[PDB]
Each structure stands twice: as C-alpha cells, then as structure tokens.
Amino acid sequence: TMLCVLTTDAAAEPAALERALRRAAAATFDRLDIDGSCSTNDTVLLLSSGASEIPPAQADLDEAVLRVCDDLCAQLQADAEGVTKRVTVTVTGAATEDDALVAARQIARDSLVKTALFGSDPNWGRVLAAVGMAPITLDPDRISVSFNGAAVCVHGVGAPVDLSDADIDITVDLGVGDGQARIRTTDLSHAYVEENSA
C-alpha cells in the first residue's frame, strides 16, 4: 500500500489542487511499479491552508506538486521490500506515449527480467521476450536494448556491461514513433521472497 499526504500554504481552490494532483499522480505514482500488485488502500491527498496568501500561477503549483511527488517516488523505490537494484525502465520510439508506458511496465513486471537484474545480468534476451508480449505496435527487427547507456541489442539482435552497482537503467527503443515513458521499479530478490513468505 502507498499512502501519501501533501500539504501547501499556497492559496489555491480545490480545482487548482485537483489539477496539480492529477497531473503529478499520472507522471509519478502511476509509473512506480515495484511488484506489480496494486493495493486496496492507495490514497493521495493534497490539502491547502492558504496561510501564505499567495496564489501561484497554476503551472508553478503543478510543477511544485510534481517535484515533491517525484522525489517521494524516488524515496519509495529506494526503500522497497528486498530492494538491491534501483531500476528505471525507459521505453522510447513507441507509436504513442501510452504504448511506451505499456511496454515499460511489461518489462518492469516481468519475473525473469527482475531476477536477471537481482543477479546483475544485462540479459537483453529476457527484455525482448517480455516486451514482445506487450499489446502495442512492435517491429522485432527495429528494437534496441541498452543497460546503463551501453547498447547490447541493436536491430533486434546482439550488438557485435558491469551491473554490479545498485542503480540500473534499461532503455528500449522501438523505432516506430516518438512515444516515450519511464517506470521506476526494483529487482526480485531472495529478500523480497523472504519478507513476503515468512
């Protein structure tokens, strides 16, 4: 379960808060996916006291709420159950932004990708097997996979990487458009398993 309480002393009506919250939640919490299990209790609240007496431009209020939520998501990812790797899955070159998000989640949730990651293994094969199941526009012969900026798969085949560190970026380009999206996730560790079984 993810609970979050936001507060502000900016002067803002409920409609102003709703916009800032819905934009931030779409970009941040909605793209945080640790173990692919969505809870019965998730809640995010945003309250204003207006104690500053200052009404911000809406764009600035939105940006402030986004920065807070995004940093909170970073903190949630860093303390996830059994975390050993802090993983970002970026999909670029999709037909649409939604396609990229769907692809990224498919990869992030996949149990063989997550275990390869726990093992510090730049296993692009498992990434391709995963993304191949995404319900989106896909050309297998146009896909590239990178781990920490190093291309290991290009044009859907192995290119002619040390993942020992905790931070891992996987970047997959689909070469079928300009849609892009990014998911924060983690690996599937013995620690995850033990915490959730014992």
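For every residue, the number given is its place in the sequence shown, counted from 1.
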For this session: Output the stretch having the higher mean C-alpha B factor in the entry; the candidates are 87-95 and 73-81.
Result: 87-95
Exercise. Hey, which bit's got the bigger mean C-alpha B factor in the entry, 64-72 or 127-135?
Worked result: 127-135
Problem set entry | Highest recorded Cα temperature factor - choice among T43, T40, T28, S52 | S52
Exercise. By the record's CA B-factor, is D187 among the lowest, middle or highest third of residues in the chain?
Worked result: middle
For this session: Rank-wise, by C-alpha B-factor, drop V145 into the lowest, middle or highest third of its chain.
Result: middle
Exercise. Lowest, middle or highest third of the chain for the C-alpha temperature factor of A24?
Worked result: lowest
Seminar exercise, completed: Of the three thirds of Cα B-factor ranks in this chain, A198 occupies the highest
Exercise. Lowest, middle or highest third: where is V157 by C-alpha B factor in its chain?
Worked result: highest
